[PDB]
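Here the structure is laid out as structure tokens; the discussion comes afterwards.
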Amino acid sequence: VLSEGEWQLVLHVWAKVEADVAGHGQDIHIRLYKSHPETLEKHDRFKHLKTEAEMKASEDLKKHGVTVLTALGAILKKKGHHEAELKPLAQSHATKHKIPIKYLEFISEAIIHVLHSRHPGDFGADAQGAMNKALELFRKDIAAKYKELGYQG
Ligand code: HEM
């Protein structure tokens, strides 16, 4: 559970993310793929992408990152009351894409890194702590939904 103050900090930085969902998404994916090269293997149309510039140039990847962060943003806005938003996402990621919780930590780390890089003055210790607790909550609940669907990774 987050405090109301923690949610605010979460949603305050999120509003900043929303000034350029596309760019944030690209940075988060590029960081994810470079930090944890095994994650790229989940994406068939993203393996032809060999350099940081090809990634940035890929309209497919850019669109996808907007889809990711839109879905995560909508989750965050519910301040924990996110079962309806989280279920379809558990569903595809558990039974179709097969994304281990470990990979959700990796992208969570990339999110934190990109957030700090782009918004250091709106992402100090408290705001980092809060986004961290939010992503941890997202991860705990999605893991519980993975298990409900029969998926252990
Ligand atoms: C913040 C965490 C994440 C959010 C909110 C998220 C959200 C989404 C959404 C909304 C879609 C499109 C609909 C769907 O299939 O669910 C999607 C597709 C997908 N996601 Fe995730 N995702 C997240 C993490 C990941 C990670 C870490 C991987 C791989 C390491 C991944 C792999 C995929 C793949 C392979 C697809 C289908 C893309 C396609 O082939 O068209 N996702 N993601």
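Chain lettering (A, B, ...) mirrors the order of the structure tokens, residue numbering begins at 1 for each chain separately, and ligand numbering begins at 1 in order of display.
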
Practice problem: Enumerate residues in contact with ligand 1: an atom-to-atom distance of at most 6 Å, counting only C-alpha atoms and all ligand atoms. Format the result as a PyMOL selection string. | Solution: chain A and resi 39+42-43+67-69+71-72+89+92+97+99+103-104+107

Atoms to include: N, CA and C atoms. Write the selected residues as a compact mmCIF listing (two decimals), in the first residue's frame.
```txt
# COMPACT_ATOMS: atom_id res chain seq x y z
N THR A 39 15.85 -9.97 -22.72
CA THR A 39 14.48 -9.44 -22.88
C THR A 39 14.09 -9.17 -24.37
N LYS A 42 12.02 -11.66 -26.57
CA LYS A 42 10.56 -11.68 -26.60
C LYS A 42 9.91 -10.98 -27.77
N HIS A 43 10.67 -10.18 -28.50
CA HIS A 43 10.09 -9.36 -29.55
C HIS A 43 10.56 -9.70 -30.92
N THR A 67 2.20 2.21 -26.23
CA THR A 67 1.21 1.24 -25.73
C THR A 67 1.55 0.73 -24.33
N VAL A 68 2.82 0.44 -24.10
CA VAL A 68 3.26 -0.02 -22.78
C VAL A 68 2.99 1.02 -21.72
N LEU A 69 3.50 2.23 -21.93
CA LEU A 69 3.46 3.28 -20.89
C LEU A 69 2.05 3.77 -20.72
N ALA A 71 -0.66 1.83 -20.84
CA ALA A 71 -1.27 0.82 -20.04
C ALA A 71 -0.69 0.99 -18.60
N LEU A 72 0.62 1.28 -18.45
CA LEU A 72 1.21 1.36 -17.06
C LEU A 72 0.67 2.64 -16.42
N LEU A 89 -3.65 -7.48 -18.88
CA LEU A 89 -2.21 -7.43 -18.97
C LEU A 89 -1.52 -8.69 -18.39
N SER A 92 -2.30 -11.56 -21.09
CA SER A 92 -1.43 -11.70 -22.28
C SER A 92 0.02 -12.05 -21.90
N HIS A 97 2.64 -13.92 -24.07
CA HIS A 97 4.00 -13.45 -24.22
C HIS A 97 5.01 -14.13 -23.31
N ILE A 99 6.14 -13.56 -19.94
CA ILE A 99 7.09 -12.63 -19.41
C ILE A 99 7.24 -12.87 -17.95
N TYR A 103 11.59 -10.16 -15.66
CA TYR A 103 11.65 -9.19 -16.75
C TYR A 103 10.89 -7.91 -16.40
N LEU A 104 9.78 -8.07 -15.64
CA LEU A 104 9.07 -6.91 -15.11
C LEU A 104 9.93 -6.10 -14.17
N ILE A 107 12.26 -4.10 -16.47
CA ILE A 107 11.70 -2.92 -17.15
C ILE A 107 11.41 -1.86 -16.08
```

Exercise. Write down as a VMD selection string the residues of chain A whose backbone DSSP state falls under alpha helix (DSSP H).
Key: chain A and resid 4 to 17 21 to 35 52 to 57 59 to 77 83 to 95 101 to 118 125 to 148

Quiz item: From the list A:115, A:101, A:149, A:66, which residue is nearest residue 88 (chain A) when using only C-alpha atoms?
Solution: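 For residue 88 (chain A), the nearest of the given residues is A:149.
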
Could you pull the residues within 9 Å of residue 109 (chain A), counting only C-alpha atoms, minus those fewer than 3 positions along the same chain, as an mmCIF file with C-alpha atoms, in the first residue's frame?
```cif
data_model
loop_
_atom_site.group_PDB
_atom_site.id
_atom_site.type_symbol
_atom_site.label_atom_id
_atom_site.label_comp_id
_atom_site.auth_asym_id
_atom_site.auth_seq_id
_atom_site.Cartn_x
_atom_site.Cartn_y
_atom_site.Cartn_z
ATOM 1 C CA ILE A 28 12.964 2.704 -21.447
ATOM 2 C CA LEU A 32 15.839 -2.524 -21.076
ATOM 3 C CA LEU A 104 9.072 -6.911 -15.110
ATOM 4 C CA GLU A 105 11.767 -5.981 -12.561
ATOM 5 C CA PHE A 106 14.178 -5.263 -15.416
ATOM 6 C CA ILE A 112 13.315 4.248 -12.800
ATOM 7 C CA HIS A 113 16.561 4.968 -14.716
ATOM 8 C CA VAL A 114 14.801 6.867 -17.495
ATOM 9 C CA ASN A 132 9.467 2.108 -6.692
#
```

Exercise. Find the spatial neighbours of residue 47 (chain A), counting only C-alpha atoms, within a cut-off of 12 Å - ignore same-chain residues fewer than 5 positions away - and output them as a ChimeraX atom specification.
Key: /A:33,37-42,54-55,58,60-61

Taking a cut-off of 10 Å and counting only C-alpha atoms, can you build a table that, for each residue of region 33-114 of chain A near region 8-14 of chain A, reports the nearest atom pair and how far apart they are in Å (one decimal), sorted by chain then residue number, as JSON lines?
```
{"residue": "A:69", "atom": "CA", "partner": "A:14", "partner_atom": "CA", "distance": 9.6}
{"residue": "A:72", "atom": "CA", "partner": "A:14", "partner_atom": "CA", "distance": 9.9}
{"residue": "A:73", "atom": "CA", "partner": "A:14", "partner_atom": "CA", "distance": 7.0}
{"residue": "A:76", "atom": "CA", "partner": "A:11", "partner_atom": "CA", "distance": 7.2}
{"residue": "A:77", "atom": "CA", "partner": "A:11", "partner_atom": "CA", "distance": 6.8}
{"residue": "A:78", "atom": "CA", "partner": "A:11", "partner_atom": "CA", "distance": 10.0}
{"residue": "A:79", "atom": "CA", "partner": "A:11", "partner_atom": "CA", "distance": 8.9}
```

How about saving the chosen residues, N, CA, C and O atoms kept, as a tab-separated table (two decimals), in the first residue's frame?
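Wrote result-v3.tsv, looks like this:
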```
chain	number	residue	atom	x	y	z
A	69	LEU	N	3.50	2.23	-21.93
A	69	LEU	CA	3.46	3.28	-20.89
A	69	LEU	C	2.05	3.77	-20.72
A	69	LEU	O	1.68	4.21	-19.64
A	72	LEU	N	0.62	1.28	-18.45
A	72	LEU	CA	1.21	1.36	-17.06
A	72	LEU	C	0.67	2.64	-16.42
A	72	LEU	O	0.18	2.63	-15.29
A	73	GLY	N	0.70	3.74	-17.17
A	73	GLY	CA	0.08	5.02	-16.69
A	73	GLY	C	-1.36	4.82	-16.20
A	73	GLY	O	-1.73	5.31	-15.14
A	76	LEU	N	-1.27	3.12	-12.91
A	76	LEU	CA	-0.71	3.97	-11.86
A	76	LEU	C	-1.80	4.90	-11.38
A	76	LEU	O	-1.96	5.11	-10.18
A	77	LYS	N	-2.61	5.40	-12.33
A	77	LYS	CA	-3.64	6.40	-12.00
A	77	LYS	C	-4.69	5.81	-11.10
A	77	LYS	O	-5.34	6.53	-10.37
A	78	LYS	N	-4.83	4.49	-11.10
A	78	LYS	CA	-5.82	3.90	-10.22
A	78	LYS	C	-5.33	3.81	-8.77
A	78	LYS	O	-6.09	3.37	-7.92
A	79	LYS	N	-4.05	4.14	-8.53
A	79	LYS	CA	-3.52	4.18	-7.12
A	79	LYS	C	-3.78	2.88	-6.42
A	79	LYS	O	-4.31	2.84	-5.30
```

Exercise. Might you pull out every residue within 12 Å of residue 87 (chain A), with only C-alpha atoms counted and same-chain residues fewer than 6 positions away left off, and present them as a PyMOL selection string?
Key: chain A and resi 71+75+81+93-95+138+141-149

Filtering to N, CA, C and O atoms, could you give me those residues as a PDB file, in the first residue's frame?
```
ATOM      1  N   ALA A  71      -0.657   1.827 -20.836  1.00  0.00           N
ATOM      2  CA  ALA A  71      -1.268   0.820 -20.035  1.00  0.00           C
ATOM      3  C   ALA A  71      -0.695   0.995 -18.596  1.00  0.00           C
ATOM      4  O   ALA A  71      -1.466   0.905 -17.624  1.00  0.00           O
ATOM      5  N   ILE A  75      -2.766   2.148 -15.112  1.00  0.00           N
ATOM      6  CA  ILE A  75      -2.667   1.365 -13.906  1.00  0.00           C
ATOM      7  C   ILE A  75      -2.303   2.265 -12.722  1.00  0.00           C
ATOM      8  O   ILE A  75      -2.993   2.203 -11.669  1.00  0.00           O
ATOM      9  N   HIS A  81      -5.953   0.550  -7.221  1.00  0.00           N
ATOM     10  CA  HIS A  81      -7.257  -0.061  -7.423  1.00  0.00           C
ATOM     11  C   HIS A  81      -7.296  -0.492  -8.862  1.00  0.00           C
ATOM     12  O   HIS A  81      -8.054   0.021  -9.672  1.00  0.00           O
ATOM     13  N   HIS A  93       0.495 -11.429 -20.826  1.00  0.00           N
ATOM     14  CA  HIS A  93       1.890 -11.587 -20.443  1.00  0.00           C
ATOM     15  C   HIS A  93       2.195 -12.911 -19.742  1.00  0.00           C
ATOM     16  O   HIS A  93       3.306 -13.403 -19.832  1.00  0.00           O
ATOM     17  N   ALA A  94       1.193 -13.487 -19.089  1.00  0.00           N
ATOM     18  CA  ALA A  94       1.277 -14.821 -18.497  1.00  0.00           C
ATOM     19  C   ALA A  94       1.176 -15.913 -19.533  1.00  0.00           C
ATOM     20  O   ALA A  94       2.034 -16.772 -19.564  1.00  0.00           O
ATOM     21  N   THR A  95       0.146 -15.870 -20.382  1.00  0.00           N
ATOM     22  CA  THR A  95      -0.226 -17.043 -21.189  1.00  0.00           C
ATOM     23  C   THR A  95       0.155 -16.910 -22.657  1.00  0.00           C
ATOM     24  O   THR A  95       0.203 -17.923 -23.377  1.00  0.00           O
ATOM     25  N   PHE A 138       2.513  -3.173  -8.505  1.00  0.00           N
ATOM     26  CA  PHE A 138       2.159  -3.654  -9.848  1.00  0.00           C
ATOM     27  C   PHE A 138       2.713  -5.102 -10.062  1.00  0.00           C
ATOM     28  O   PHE A 138       2.011  -6.054 -10.549  1.00  0.00           O
ATOM     29  N   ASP A 141       1.029  -7.721  -7.652  1.00  0.00           N
ATOM     30  CA  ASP A 141      -0.313  -8.087  -8.063  1.00  0.00           C
ATOM     31  C   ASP A 141      -0.311  -8.804  -9.368  1.00  0.00           C
ATOM     32  O   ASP A 141      -1.120  -9.706  -9.549  1.00  0.00           O
ATOM     33  N   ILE A 142       0.554  -8.420 -10.306  1.00  0.00           N
ATOM     34  CA  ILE A 142       0.530  -9.138 -11.574  1.00  0.00           C
ATOM     35  C   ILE A 142       1.035 -10.583 -11.326  1.00  0.00           C
ATOM     36  O   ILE A 142       0.589 -11.484 -11.969  1.00  0.00           O
ATOM     37  N   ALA A 143       1.980 -10.786 -10.385  1.00  0.00           N
ATOM     38  CA  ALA A 143       2.519 -12.125 -10.129  1.00  0.00           C
ATOM     39  C   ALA A 143       1.372 -13.028  -9.578  1.00  0.00           C
ATOM     40  O   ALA A 143       1.308 -14.214  -9.857  1.00  0.00           O
ATOM     41  N   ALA A 144       0.535 -12.443  -8.723  1.00  0.00           N
ATOM     42  CA  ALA A 144      -0.593 -13.159  -8.129  1.00  0.00           C
ATOM     43  C   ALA A 144      -1.563 -13.554  -9.269  1.00  0.00           C
ATOM     44  O   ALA A 144      -2.049 -14.703  -9.312  1.00  0.00           O
ATOM     45  N   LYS A 145      -1.781 -12.640 -10.209  1.00  0.00           N
ATOM     46  CA  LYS A 145      -2.613 -12.960 -11.379  1.00  0.00           C
ATOM     47  C   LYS A 145      -1.941 -13.964 -12.323  1.00  0.00           C
ATOM     48  O   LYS A 145      -2.624 -14.852 -12.823  1.00  0.00           O
ATOM     49  N   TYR A 146      -0.612 -13.905 -12.512  1.00  0.00           N
ATOM     50  CA  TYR A 146       0.097 -14.944 -13.276  1.00  0.00           C
ATOM     51  C   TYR A 146      -0.203 -16.320 -12.704  1.00  0.00           C
ATOM     52  O   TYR A 146      -0.517 -17.272 -13.413  1.00  0.00           O
ATOM     53  N   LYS A 147      -0.037 -16.433 -11.386  1.00  0.00           N
ATOM     54  CA  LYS A 147      -0.240 -17.724 -10.741  1.00  0.00           C
ATOM     55  C   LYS A 147      -1.684 -18.211 -10.898  1.00  0.00           C
ATOM     56  O   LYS A 147      -1.897 -19.418 -11.192  1.00  0.00           O
ATOM     57  N   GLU A 148      -2.660 -17.321 -10.696  1.00  0.00           N
ATOM     58  CA  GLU A 148      -4.058 -17.660 -11.007  1.00  0.00           C
ATOM     59  C   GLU A 148      -4.273 -18.277 -12.407  1.00  0.00           C
ATOM     60  O   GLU A 148      -5.067 -19.197 -12.552  1.00  0.00           O
ATOM     61  N   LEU A 149      -3.533 -17.807 -13.399  1.00  0.00           N
ATOM     62  CA  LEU A 149      -3.596 -18.276 -14.808  1.00  0.00           C
ATOM     63  C   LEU A 149      -2.696 -19.494 -15.042  1.00  0.00           C
ATOM     64  O   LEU A 149      -2.603 -20.022 -16.160  1.00  0.00           O
TER      65      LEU A 149
END
```

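Proximity to residue 6 (chain A) at 8 Å, evaluated using only C-alpha atoms and with sequence-adjacent residues fewer than 5 positions away removed, yields residues 126, 127, 130 and 131 of chain A.
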
Could you write out that same residue set with N, CA and C atoms as a CSV table (one decimal), in the first residue's frame?
```
chain,number,residue,atom,x,y,z
A,126,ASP,N,12.3,10.7,-2.4
A,126,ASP,CA,11.0,10.4,-2.1
A,126,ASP,C,10.1,10.0,-3.3
A,127,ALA,N,10.3,10.7,-4.4
A,127,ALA,CA,9.6,10.3,-5.6
A,127,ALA,C,10.1,9.0,-6.2
A,130,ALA,N,8.6,6.3,-4.0
A,130,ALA,CA,7.2,6.2,-4.3
A,130,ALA,C,7.0,5.4,-5.6
A,131,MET,N,7.7,5.7,-6.6
A,131,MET,CA,7.6,5.0,-7.9
A,131,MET,C,8.0,3.6,-7.8
```
